[PDB]
Every structure is written in C-alpha cells, then in structure tokens.
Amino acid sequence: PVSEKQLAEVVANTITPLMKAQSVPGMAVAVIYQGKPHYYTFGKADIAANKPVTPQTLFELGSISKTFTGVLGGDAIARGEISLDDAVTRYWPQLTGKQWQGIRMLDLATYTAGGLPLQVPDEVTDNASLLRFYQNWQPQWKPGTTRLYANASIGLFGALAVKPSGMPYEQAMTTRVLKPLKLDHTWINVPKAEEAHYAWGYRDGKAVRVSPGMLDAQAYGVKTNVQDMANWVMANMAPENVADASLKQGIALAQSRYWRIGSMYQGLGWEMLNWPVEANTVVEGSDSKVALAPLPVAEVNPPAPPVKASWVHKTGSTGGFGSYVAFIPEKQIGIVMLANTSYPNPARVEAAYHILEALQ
C-alpha cells in the first residue's frame, strides 16, 4: 500500500543523510516496485565540471560485474557449451600443474578452488604470465572445502567459460547477455562518444577512475547507468519474462545455491540469504572481516535451484565508486544504489534494507 510520494520520501530521508555521513558526491538509485523502476538522483557526477547525476550517468560497478559473469557462464551451461562439473583443465589444457586435478569450473566460479587470492598479481600482464601465476599457485586447502572471495577465481571462470563460444569475453557478454536484455548503455569499454556520461569516482577528495588489469572485465570492469541497472535487476528478479531461452536458464543458474557459508549461500556471482532475514544478519555478513575471510563451506549437492524467498544481493566497489543491488523475488521488490565514492558495505546494506522494509 505504498504511494509514489511515500516511497520518494523514504528514499530521500535515507539517502540524503547517508551521502552526508559518507561524503558521497553523487548517487543514482532505482527502486523496483509494482513491476516498474522508480528513479532518484542526488548530487554530482563531476564536482569540478558541476555535472549532476542523471539517469544516464555511468558508474563503475566493481564487483557487481561478477553477476554478469555468473549469468554469462550460466548461459553457456544452458547452451551445452560448458558444465560446472568439468575440470578447469578441460578449458585450459596448458594448465598442467597437478594441483589442478580435481578442481572444477564450479570451484572457480564460487571461490572454492582452495585459496586462490583476492587479486590477480599486478605483475601478470598477459596470458603467459597468467599461466605462470596459476601454475605456481599452491592450494592451501583441498577443493570444495574453503570459500575465499577472489577475483583470481571468478575472473578465470569468466575467461574460460567463453572459450567454446569462440568469442572474446567482451563480445560474448554483449552478444549473449547485454543485447538480448536491451542493456545498450552497459560497457566493459566505454566508447569515446559515451565518455561525457562517465562520472568521476572520488577518494579522499581526489577524482579517480578504474585502471586496466588482467581479468578486469570478468571480475570488476563493467560500467552502467541506473536505468540499465534497474533493467538488469528486473531480469534477474523475474527471469520467466526473458525471451532468450538459454539466457533465462543462465539467470536461474546464477541464483542457484552451490554452497552454504554461515547464513549465506553462494551463487554464480550473486549471493543469497533466505527471506525473511533481519537487517543485522545481512549487515554483519557484509563486514570485510567476514566477507573477505577464508571460511569453511557446506556443499549444496546437487545445487538448489532459485528460491524465490531469498534476499539476493551483491556489493561492488572500485577506488572511486561504491555500489549495491538487492532484491527479493517473492515480493518483486528490489533496489539499485550507485555512488561515486566507495563507502563501507554495511552502510550500503543498512540503507537498502531500510528502503525495502518500507515496501513490506
């Protein structure tokens, strides 16, 4: 029973103090409710140029990029091109180190290979050095025992998942995920002609944007505006309405539960908790001392298909940007919060939960 006016008030009353407390120059917010997105913009995209945030402003998604990676992988599974149960080495035969035996594509996709680190080392600058890195990696755990959140893990899953397609990652993503969903302002590389829409990120007063790195597209490199992001959330909320038959299955695969780690479940990029969930559960789970820790897992085998009564979410950050998306399929409500400052994840989660609580 929530009016447009009431929703607009709860968003303003939550976001205005958040931006003040967290020194955030600009935010674009979408709330999905009653089958439609509702857009709210605040502050500046570029302080020096005095450019306001608009619904066309592009923000760096950081790790929300992993949700695209997960869905693209799922789409490849649904085409018959890959299986999560396949050995990693099926897709990279040059990866001959015997520590790789028993490590599945599932493990790469869900951070359970056995201690792959948060980042691909900066000294890795091409495929040969990327191979050397993986060949020299000494797993700290057996496969399927420990979750360690890692770009070096899901980044490689993304790269290998598109090999059978024959397309480079960017083209596979655009052809198979972005274009079918009409996400026409979502970019791995922002064309010169669209650069005027690209916000500056801000860190400690300084303007910054994300730098190139190995496996950046697959782990943290996507830029988008709040409209394309609202439409991404809507496709993930209600995949039954997506026309492309492999893509709708890929969305389901990305929201399936593969592992339980405490009160959360790992999907492909997406993370889930059972709905109903209290704020403290989700807020506390997002603290870096939990989220970046190596933690034991319980296998969900076979994987559980998408549970509609879920809090489905993902944080994403770069040096200058902080974003969050969350949705509850049972209730068909969801939220996107894009900001040009990286501020603490628990603050993102608290604000999002508060706003969605208003819609029941």
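All residue numbers refer to positions in the sequence shown, first residue = 1.
Exercise. Report the stretch with the higher mean CA temperature factor, choosing between 118-126 and 188-196 on the basis of the entry.
Key: Between 188-196 and 118-126, it is 188-196 that shows the higher mean C-alpha B-factor.
Quiz item: According to the deposited model, is the average Cα temperature factor higher in 94-102 or in 148-156?
Solution: The stretch with the larger mean CA B-factor is 94-102.
Quiz item: According to the deposited entry, which of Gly334, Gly316, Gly35, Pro305 has the largest Cα B-factor?
Solution: Result of the comparison over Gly334, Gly316, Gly35, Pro305: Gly35.
Practice problem: Tell me which of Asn241, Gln138, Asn274, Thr110 tops the list for C-alpha B factor in the record. | Solution: In this record, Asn241 carries the highest C-alpha B-factor of the candidates.
Quiz item: What third of the chain, by the recorded C-alpha B-factor, contains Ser211?
Solution: Answer is highest: the recorded C-alpha B-factor places it there.
Quiz item: Split the chain's modelled residues into thirds by Cα B-factor; is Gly62 in the lowest, middle or highest one?
Solution: Lowest third of the chain for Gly62's C-alpha B-factor.
Self-check item: Within-chain third of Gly250 by Cα B-factor, per the entry
Solution: Its C-alpha B-factor, which the entry lists for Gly250, ranks in the lowest third among residues of this chain.
Practice problem: Please rank the C-alpha B-factors of the chain's modelled residues and tell me whether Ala291 sits in the lowest, middle or highest third. | Solution: Ranked within chain, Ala291 CA B lands in the middle tercile.
Quiz item: Lowest, middle or highest third: where is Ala347 by C-alpha B factor in its chain?
Solution: Middle third.
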